[PDB]
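# Architecture and fold: a report
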Amino acid sequence: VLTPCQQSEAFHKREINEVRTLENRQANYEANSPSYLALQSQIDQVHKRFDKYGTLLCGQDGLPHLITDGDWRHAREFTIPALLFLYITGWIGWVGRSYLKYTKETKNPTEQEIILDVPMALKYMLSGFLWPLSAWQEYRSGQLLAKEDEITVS
Amino acid sequence: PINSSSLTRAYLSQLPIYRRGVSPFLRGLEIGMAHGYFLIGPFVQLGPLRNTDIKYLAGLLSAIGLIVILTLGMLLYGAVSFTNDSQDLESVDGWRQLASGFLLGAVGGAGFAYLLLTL
Amino acid sequence: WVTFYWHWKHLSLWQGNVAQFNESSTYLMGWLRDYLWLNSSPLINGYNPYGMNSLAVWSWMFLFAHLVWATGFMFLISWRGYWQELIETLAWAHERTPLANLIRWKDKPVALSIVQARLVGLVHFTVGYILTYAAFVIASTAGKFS
Amino acid sequence: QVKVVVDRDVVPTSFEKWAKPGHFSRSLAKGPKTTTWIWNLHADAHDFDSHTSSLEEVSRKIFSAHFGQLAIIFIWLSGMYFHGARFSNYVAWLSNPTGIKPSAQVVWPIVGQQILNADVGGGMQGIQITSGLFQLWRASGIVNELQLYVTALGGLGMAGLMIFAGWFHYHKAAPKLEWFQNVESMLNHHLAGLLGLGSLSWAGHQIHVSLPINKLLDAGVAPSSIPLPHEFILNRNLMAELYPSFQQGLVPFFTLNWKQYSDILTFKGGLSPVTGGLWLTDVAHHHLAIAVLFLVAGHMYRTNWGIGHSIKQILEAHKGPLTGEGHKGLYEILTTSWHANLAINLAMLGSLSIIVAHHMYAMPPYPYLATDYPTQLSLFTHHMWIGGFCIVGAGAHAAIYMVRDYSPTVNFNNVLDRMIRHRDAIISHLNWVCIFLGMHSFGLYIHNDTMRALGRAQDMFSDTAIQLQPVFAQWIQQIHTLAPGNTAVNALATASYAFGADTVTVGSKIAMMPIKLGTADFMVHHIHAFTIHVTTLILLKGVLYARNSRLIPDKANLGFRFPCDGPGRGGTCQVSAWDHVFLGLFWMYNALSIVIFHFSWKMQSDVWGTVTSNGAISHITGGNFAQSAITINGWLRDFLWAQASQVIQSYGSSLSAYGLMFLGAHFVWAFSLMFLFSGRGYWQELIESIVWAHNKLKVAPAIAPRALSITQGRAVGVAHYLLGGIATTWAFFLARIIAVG
Amino acid sequence: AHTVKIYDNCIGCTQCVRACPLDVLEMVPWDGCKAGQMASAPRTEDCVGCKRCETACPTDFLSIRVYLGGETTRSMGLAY
Amino acid sequence: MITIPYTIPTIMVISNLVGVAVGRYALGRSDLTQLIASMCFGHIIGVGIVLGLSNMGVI
Amino acid sequence: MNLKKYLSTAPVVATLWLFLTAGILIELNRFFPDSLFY
Ligand code: CLA
Ligand code: CLA
Ligand code: CLA
Ligand code: CLA
Ligand SMILES: CC1=C(/C=C/C(C)=C/C=C/C(C)=C/C=C/C=C(C)/C=C/C=C(C)/C=C/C2=C(C)CCCC2(C)C)C(C)(C)CCC1
Ligand SMILES: CC1=C(C/C=C(\C)CCC[C@H](C)CCC[C@H](C)CCCC(C)C)C(=O)c2ccccc2C1=O
Ligand SMILES: CCCCCCCCCCCCO[C@@H]1O[C@H](CO)[C@@H](O)[C@H](O)[C@H]1O
Ligand code: SF4
Ligand code: SF4
């Protein structure tokens, strides 16, 4: 059963064990060593690390699990970086497709791919920002796809 | 060309095959007379029965245990190849008498080595 | 991966520590540490310079099947024409030597064609693979129990 | 005669041809219609005897390229001196070296990886050095951070002189070929000028820097009371206290009363019992012996003054009867073909690097080097590995000579091709020696494996069982015990403490123990002779069957990196002189993997470890070699199962980056097999079946996406098999010995 | 024998015969192309089957297609 | 190094003169390099004789 | 003059873009480390 992670026992056992275990090296230095300040910053980055995983679900393992159902209580877990990611490589993919359908109609398409025309490249890098309703409106013209390309025997 | 000299030819020419005329039972009996005395050796000192008093008999039984495979392969080689009947070593009958000579001379060499592990 | 996964699941049930699995199976050193290194301990102790026990057959089969699995790579990696121009050197070495050029072959010595080469490398890959893992399943679970 | 004719303003220095990739090859300036142009661009980036047959233009290209290599090496050593300066704990390491583990690289604090900063002491953390730079700096006498900063900045200065030198010697002053075929002068200046003045000037550094400094650090002086090497030459008085022969000046030198220089120079050998290194009196005296001996050696090549040899009149004079013509032609081979010179120099360079490894483990020449065992291990191992690879470079570039630059007119009945007349008798007897040593080097291991597995340990090859005590190595090692009284008359101790007397300990750490060789060490030496003979088989089969085999009688008409001929002759895959080098790299991995698996486990059983009260002994595995190296289950269990345990449990600690470079190197090793086993007849229409999925969405790439070629599609399997295979033993070894030593 | 067949795409550029190091291939005057030539393989008893012809066959797709057939002494290319 | 009576420079000039006696033979031209090469060789021989004479026995 | 063509090639712009997005990941993981939400 996925307990809420802020109250799970083995979670806070890992809190005591890692703050104490990393803290064992912190007594190897004086009060004004640069390493001692670095492990001050590291202990801060462990208490923040465990307070910022409060609303997750760590089960009996004491390790924060995830949920990928789109439950809308786990939306910040999976689906918000899911839609975020699909926007980012939809950006990248529409940039690359748009640049290849640029260099397909140029003088010499071979030299276009070694030496990227950074004018027209950085045109398409930035212009491919709104690929759902630009790739979709280039799909409604019947132009994202193709037909009767290369194939083997049958 | 080189390693083809007259000392090479004079050593190879009187070997127990390249010598001119010997009956194939004796021509193989010389081969077995050497090898049967040989193969007793690497079973007495290094064999598994070097710990009991069967140090010397296990060389006989193990070595003839090789020799039956050796003459068996001799009969396979003269059985498959050397099809004609020119009656010499390149035949069937001369090769199987070469193999029988190697067997009887090999077992005789085994008994000679066994009776010379006495002294 | 299927039978490694099943086997490291039921070695965690039968020993009892399922928490040993669930905490240490989502990273690869959990597998290689907590399963292969730990559970080959009764396998690889199958015979010592101190002595042996009943699992010496499975550890001897274990090392054996690593040798099979690595003789596969001699055929899979290193293809024919190396050996097709090396069996010619051996055939010169037998055609030219005295006391044995009498014993000449009937079927001519030819390196294995590459339909066969990738096959026999495949066969030693499977025999070595499957005998290694049948050595490890039985030596492992027979070592943690019985 | 000797004269230097130099073309000026050879090549203009605009960035125009950087915009033309593949400008250099007219076979490749067509531009990429396929993606194989991308990889052929890099496979022809240094085929200098494939750009143009004109050896002048080639020779300018290579000779300018060497300065680029030395520029990268001076950037590398300036990097090591700066990471010694700003980032290392070397100043604190100089106080107590046996307690403080050496660290330079201080990992930047991003997510997690700040835990790699190992608290190695010195008050400052960071990942631990295994390269052994601090031992060479204590030997060289670098006291504080200032010489590391300044020597780093001089490293960048020489890097600028090598970039400017290479630009200067390709573009605006580049020589003729008559400068290059003036080779008696080249030997005449490299034997004498490079190595002679190198060892002589280094004897200057050791006598006027290291002998006072590593006398004071041998006396245990803190690195603040130590004066600068500066201050030992303003007056002889600070050195006459340390070495009282400096008071006499150079006067006993010029009167040849060299008995007086027993303070500065001696012949003692052994090791320093305090620092665990060689006596720098012996090492400075040694570099004087290389000094006078190489300056003698340089002057045997007639250049302008009609005094000295020429190589032609030497090689003609050995007109032996069993070779017929003698060495006629080799001065014309080695001064017209670069690849043959690269074969010789990579063979002797690689075998020198192996010699370096074997001379560094047993005579540890740096102070406190044998104390920290990871620097003792990895400087054996690293120089063993480059010392391996360079021999395969000999086996490749010998074949690149034999395919391209062979000409039977200059090379007719001499010592060279008379081998190739009986190359069947060369390769056939290598074939026999390989089978005989394989049976008698590994069949003994299957024997002891079975006899230990069959219970009958009375039938093994141990000391208790049927022994195989190495007779010859123990006898000559016993001669090396009896050297310094009998034959090395003016010595005191032996050549090493791997030979003779009782062990040398520094800080309760065993610096060197006399190595015992019984009946298991024997069989591993036959492993090494075996897998050396197999690489010699593949790398002589790669050269004698390079140009015209009896399988394929036109290979020079096909080339060097051709994949094959075809399925004819029943299949002729992998038959080129390159493909034997493809095989010799795997056997390089085998041969050196069991060299270092002999090293790092015999010397974790027979040498290294600690010493306790009353001089009592303790090894790391605890004498667990001769009862365990005889089998393979003892080898795999007691070595690869047991020594892995400090690499595998290394998580949550500073050794966990080796726990990442262990698994990832298993990944790269396993990832090579995809390239080795399959071939482009699969991947080309797998890829083209993906090209359908790009042609459907108009994402057809204009450079056509081929698969790799065959020779690239096996060269990359080598270069992953070796990167993953070598980095496994890398992470295993450094995570083993850092975790204890 | 390794059956060599030479189809009607053979436009007679003769890189095949120059590419065959066995002279199984010759050129035959055939009035169906611009060069008037079309290659022939009469002596396939010596045909190794190394497919060095098919590398240097600049037709549309392989006018000369080598089918790997019989394996004699000569067609296996063994020296001894 | 002592004066005219027998010492280390006494056994050097004999090495120099047998060195140039080699220099009359080893491409015995009468140039500079007969002396600069051959007096150097007899100089090497003289240094090999002085201290090799110093270790085993009387100087 | 033609250096900017060399700074428009495939590997150089590959390093000047993967170096840049690499710096986006590292500079976005120094400022907000341990980011499993959102
Ligand atoms: C122009 C950019 C571009 C675009 C839009 C696509 C799109 C596609 N590829 Mg892909 N591909 C690309 C480049 C691209 N590819 C490159 C450069 C390679 C060589 C590594 C591949 C190798 C490849 C394989 C092997 C496969 C696909 C497949 C696919 C399809 C499924 C999506 C997927 O998993 O992608 C796969 C994505 C990758 C393998 C990694 C992405 C490749 C690079 C890193 C990103 C591309 C950005 C591009 C270089 C930007 C250049 C332009 C810009 C400078 C102006 C989809 C149509 C699959 C398919 O057929 O499904 C139907 C499939 O099996 N691709
Ligand atoms: C005694 C003079 C001398 C010295 C010291 C060297 C030294 C070297 N030569 Mg070299 N060479 C010489 C004479 C000399 N050469 C002559 C006369 C010829 C023509 C016959 C050549 C032909 C030659 C070739 C063809 C090659 C070398 C190479 C090398 C380098 C080998 C790498 C190495 O050991 O790095 C150790 C590095 C050092 C020890 C640093 C050395 C720098 C110091 C300051 C000496 C350099 C002085 C410089 C030569 C004087 C030029 C005069 C000019 C400024 C007016 C090394 C720097 C190889 C190389 O890498 O190319 C550069 C190479 O391929 N040499
Ligand atoms: C572990 C796998 C493995 C093994 C055992 C071998 C073994 C061998 N390779 Mg090799 N090779 C391998 C992997 C392997 N390779 C891989 C992965 C590559 C990839 C690059 C190569 C590439 C390669 C090349 C390129 C060459 C070899 C060659 C050889 C032979 C060297 C001669 C020798 O040692 O004879 C001794 C034999 C052994 C040690 C094998 C064990 C034999 C035991 C000890 C005795 C017999 C067992 C048993 C009694 C048999 C009877 C029972 C049975 C009939 C029922 C040898 C058979 C060379 C060759 O052709 O021969 C010279 C050669 O040129 N190999
Ligand atoms: C190749 C390495 C090797 C070697 C040297 C040995 C050696 C041995 N094994 Mg063995 N073994 C090996 C591999 C090897 N094994 C492997 C790979 C396996 C597993 C497949 C086994 C499995 C095995 C078992 C199961 C047993 C042994 C046993 C033995 C011992 C007795 C066997 C015997 O009678 O020899 C027979 C020897 C010969 C027939 C001699 C032939 C060779 C001669 C010397 C060649 C001479 C030629 C000459 C030099 C030519 C030049 C001179 C001429 C020109 C005049 C012996 C010590 C037995 C034992 O109890 O151990 C004590 C036993 O039970 N072995
Ligand atoms: C090291 C060496 C060598 C080698 C060795 C060898 C090779 C040996 C051999 C030897 C041998 C190997 C011997 C043999 C022996 C034998 C004898 C002396 C004979 C006798 C006879 C017999 C055996 C008989 C038998 C029999 C019998 C008994 C009965 C009846 C039947 C018969 C008749 C069969 C040489 C010399 C080369 C050289 C030098 C060195
Ligand atoms: C997988 C495989 C391939 C396919 C390998 C493909 C063709 C190469 C994949 C890696 C390249 C580098 C991808 C190209 C992507 C570019 C780098 C652009 C990406 C954008 C940035 C990363 C710069 C072979 O061509 C092959 C050939 C012969 C034997 C075995 C094999 C084989 O096993
Ligand atoms: C019979 C008269 C003999 C005189 C001997 C003098 C011996 C030294 C000759 C050079 C004189 C100067 O001495 C040098 O002093 C400097 C420093 O002053 C040092 O190099 C050495 O001591 C001498 O080289
Ligand atoms: S087929 Fe191709 S190769 Fe053979 S001739 Fe016609 S064109 Fe030349
Ligand atoms: S098959 Fe081999 S030999 Fe016959 S033609 Fe084609 S390539 Fe030449």
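The next point concerns the overall build of chain B. Helix and strand counts for chain B come out as five helices and zero strands. Principal-axis analysis of the C-alpha atoms places the extent of chain B at approximately 50 × 35 × 20 Å. Every one of the 119 residues in chain B was classed for burial, and the buried ones make up 30%. Element-wise, carbon and sulfur atoms account for 66% of the exposed surface of chain B, whose accessible area totals about 7700 Å². Here chain B holds 7 positive side-chain charges and 6 negative ones, and the gap between their average locations is 9 Å.

The next thing to look at is a nonpolar patch on the surface. Residues and elements named next belong to chain A. Taken together, the side chains of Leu-83, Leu-84, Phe-85, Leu-86, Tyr-87, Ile-88, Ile-92, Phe-129, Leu-130 and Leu-133 make up a nonpolar region of the molecular surface, amounting to roughly 940 Å² of accessible area. The element contributing the most residues to the nonpolar patch is helix 3 (residues 75-103), with seven residues. Looking at the element boundaries, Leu-83 is found in helix 3.

All names here are of chain E. Taken from the UniProt record, the annotation "binding site: [4Fe-4S] cluster 1" applies to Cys-10, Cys-13, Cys-16 and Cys-57. In sequence the annotated residues extend across 48 residues, while in space they remain close, none of their C-alpha pairs exceeding 9.7 Å. Checking the named residues against the second largest cavity, the ones that line it are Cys-10, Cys-13, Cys-16 and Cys-57. If you trace the backbone, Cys-10 turns up in the loop between strand 1 (3-6) and helix 1 (15-19). If we ignore the near neighbours within four places in the chain, the residues touching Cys-57 are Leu-62, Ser-63 and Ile-64.

What follows is about the environment of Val-11 of chain D. All names here are of chain D. Note on placement: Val-11 falls in the loop between strand 1 (6-7) and helix 1 (36-43). The exposure class assigned to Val-11 is partly exposed, which follows from its relative accessible area of 25%. Taking the C-alpha atoms as reference, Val-11 lies 29 Å from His-190; in sequence the two are 179 residues apart. In this structure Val-11 touches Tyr-170 and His-171, once residues within four positions along its chain are discounted.

Residue and element names in this part refer to chain B. Around ligand 5 lies a shell formed by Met-33, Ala-34, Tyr-37, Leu-104, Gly-105, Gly-108, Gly-109 and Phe-112. In the complex, 32% of the free accessible area of ligand 5, which totals 930 Å², lies under the protein chains. Mapped onto the shell around ligand 5, the elements with two or more residues apiece are helix 2 (24-38) and helix 5 (93-114). Of the residues assigned to the shell around ligand 5, the class counts are five nonpolar, three polar and no charged.

Before going further, it helps to examine the side chain of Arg-452 of chain D. Following the sequence through the fold, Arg-452 of chain D ends up in helix 17 (residues 423-453). Buried and unpaired, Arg-452 of chain D has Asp-449 of chain D as its nearest opposite-charge partner, separated by 7.5 Å. The residues touching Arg-452 of chain D, leaving out its near neighbours within four places in the chain, are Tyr-47, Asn-48, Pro-49 and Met-52 of chain C together with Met-460, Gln-627, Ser-628, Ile-630, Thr-631, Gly-634 and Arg-637 of chain D.

Near ligand 1 the following residues occur: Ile-92, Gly-93, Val-95, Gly-96, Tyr-99 and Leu-116 of chain A together with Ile-690, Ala-693, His-694, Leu-697 and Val-699 of chain D. Two or more chains meet at ligand 1, and those chains are chains A and D. The set of elements that each furnish at least two residues to the shell around ligand 1 consists of helix 3 of chain A together with helix 25 (680-695) of chain D. Counting residues per element, the shell around ligand 1 draws most heavily on helix 3 of chain A, at five residues.

Our focus in this paragraph is the state of the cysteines. By the definition in use, this model includes one disulfide over all chains. Residue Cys-5 of chain A pairs covalently with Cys-58 of chain A via a disulfide, S to S 2.0 Å. Handedness of the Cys-5 of chain A-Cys-58 of chain A disulfide follows from its S-S torsion of about 110°: it is right-handed. A residue pair is termed long-range when its members are at least 10 positions apart, and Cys-5 of chain A in the segment before helix 1 (9-23) and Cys-58 of chain A in strand 1 (residues 57-58) qualify at 53 residues. The burial state of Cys-5 of chain A is the same as that of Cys-58 of chain A; both residues are buried. Here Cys-10 of chain E is not cross-linked by a disulfide; its sulfur's nearest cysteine counterpart is in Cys-16 of chain E, at 5.7 Å. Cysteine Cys-47 of chain E remains unbridged, with the sulfur of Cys-20 of chain E as its closest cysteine sulfur at 7.4 Å.

This part is about the packing of aromatic side chains. Following the criterion strictly, the structure yields 79 aromatic pairs over all chains and no others. A ring pair is formed by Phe-63 of chain D and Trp-179 of chain D, whose centres lie 5.0 Å apart and whose planes are at 70°; its orientation type is edge-to-face. In this pair, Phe-63 of chain D sits in helix 3 (residues 55-87) while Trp-179 of chain D sits in helix 7 (residues 177-180), placing the two residues 116 residues apart along the sequence. We classify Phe-63 of chain D as buried; its relative accessible area is 18%. Judged by its relative accessible area of 27%, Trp-179 of chain D is partly exposed. Measuring from ring centre to ring centre gives 5.4 Å for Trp-93 of chain D and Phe-134 of chain D, while their planes differ by 50°; the resulting arrangement is tilted. Within this pair, whereas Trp-93 of chain D is found in helix 4 (residues 90-93), its partner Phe-134 of chain D is found in helix 5 (residues 133-140), the two being separated by 41 residues in sequence. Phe-134 of chain D shares its class with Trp-93 of chain D; the two are buried. Its end group placed over the ring of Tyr-124 of chain A, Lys-123 of chain A keeps NZ or CZ at 5.1 Å from the ring centre. In this structure, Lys-268 of chain D packs its charged tip against the face of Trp-279 of chain D, placed 3.3 Å from the ring centre.

Next up on the list: the pattern of salt bridges. Side chains that differ in charge, positive against negative, can pair when their charged atoms come close. On inspection of all chains with the given rule, the structure shows 26 salt bridges over all chains. Among the salt bridges present, the one from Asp-119 of chain D reaches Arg-25 of chain A, with a minimum N-O distance of 3.0 Å. Placement of the pair is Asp-119 of chain D in the loop between helix 4 and helix 5 and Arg-25 of chain A in the loop between helix 1 and helix 2 (34-51), with the two residues belonging to separate chains. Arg-714 of chain D is the partner of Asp-579 of chain D in a salt bridge, and the nearest nitrogen-oxygen pair spans 2.4 Å. Of this pair, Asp-579 of chain D sits in helix 21 (residues 577-602) while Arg-714 of chain D is found in helix 26 (residues 712-737), placing the two residues 135 residues apart along the sequence.

Attention now goes to the pairing of strand 1 of chain E. Residues and elements named next belong to chain E. Burial of strand 1 is one-sided: the residues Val-4 and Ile-6 facing one way are buried, the residues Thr-3 and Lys-5 facing the other way are not. Pairing geometry for strand 1 and strand 4 (residues 64-67), over four bridges, is antiparallel. Bridged to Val-4 within strand 4 is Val-66.

In this section: the packing of helix 24 (residues 656-677) of chain D against helix 26 of chain D. Residue and element names in this part refer to chain D. Here helix 24 crosses helix 26 at 160°, and the two axes come no closer than 7 Å. The angle between helix 24 and helix 26 falls in the class roughly antiparallel. Pair helix 24 / helix 26 crosses with left-handed handedness. When the residues that make up the contact of helix 24 with helix 26 are grouped by side-chain class, the tally is 20 nonpolar, eight polar and one charged.

Let us look at the interface of chain E and chain C. Facing four residues of chain E, the contacting portion of chain C comprises eight residues. Sorting the residues of chain E by area buried against chain C places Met-76, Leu-78 and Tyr-80 of chain E first, and these three jointly supply 91% of that buried surface. If you look at where chain E meets chain C, you find zero salt bridges. In this assembly, chain E and chain C are joined by two residue pairs in polar contact. Classifying every residue of the side of chain E that touches chain C by side-chain character gives four nonpolar, no polar and no charged.

Cut-offs used in this document
Residues numbered from 1 in each chain as written, not as in the entry; some residues may be left out. Chains lettered and ligands numbered in written order. Part of a larger assembly, values for the part shown. Heavy atoms only, no water. Helix = DSSP H or I, 4+ residues; strand = E, 2+ residues; numbered from the N terminus. Buried < 20%, exposed > 50% of the residue type's maximum accessible area, 1.4 Å probe, protein only. Areas by Shrake-Rupley, 256 points an atom, 1.4 Å probe, with all protein chains shown as cover. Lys, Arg positive; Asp, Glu negative; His and termini not counted. Charge placed at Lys NZ, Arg CZ, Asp CG, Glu CD. Patch = residues over 30% accessible without salt bridge, like charges linked within 9 Å, V, L, I, M, F, W, Y side chains within 5 Å. Salt bridge = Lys/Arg side-chain N within 4 Å of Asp/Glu carboxyl O. UniProt positions renumbered as here; feature names shortened; annotations may be inferred. 1 Å grid on protein atoms, 1.4 Å probe; cavity = no way out; pocket = protein on both sides within 12 Å on 5 of 7 lines; lining within 4 Å. Contact = heavy atoms within 4.5 Å. Near = heavy atom within 4 Å. Nonpolar A, V, L, I, M, F, W, Y, C, P; charged D, E, K, R; others polar. Disulfide = S-S within 2.5 Å. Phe/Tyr/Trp six-rings, centres within 6.5 Å; stacked < 30°, edge-to-face > 60°. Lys NZ or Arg CZ within 6 Å of the ring centre and 35° of its normal. Pairing = 2+ DSSP bridges. Axes fitted to C-alpha atoms, helices over the stretch in contact; angles between N-to-C directions. Parallel < 35°, antiparallel > 145°, perpendicular 65-115°, else oblique. Left-handed = near helix turned anticlockwise from the far one by under 90°. Buried area = accessible area lost by both parts, 1.4 Å probe. Polar contact = N/O pair within 3.5 Å; in protein donor to acceptor, adjacent residues only side chain to side chain.

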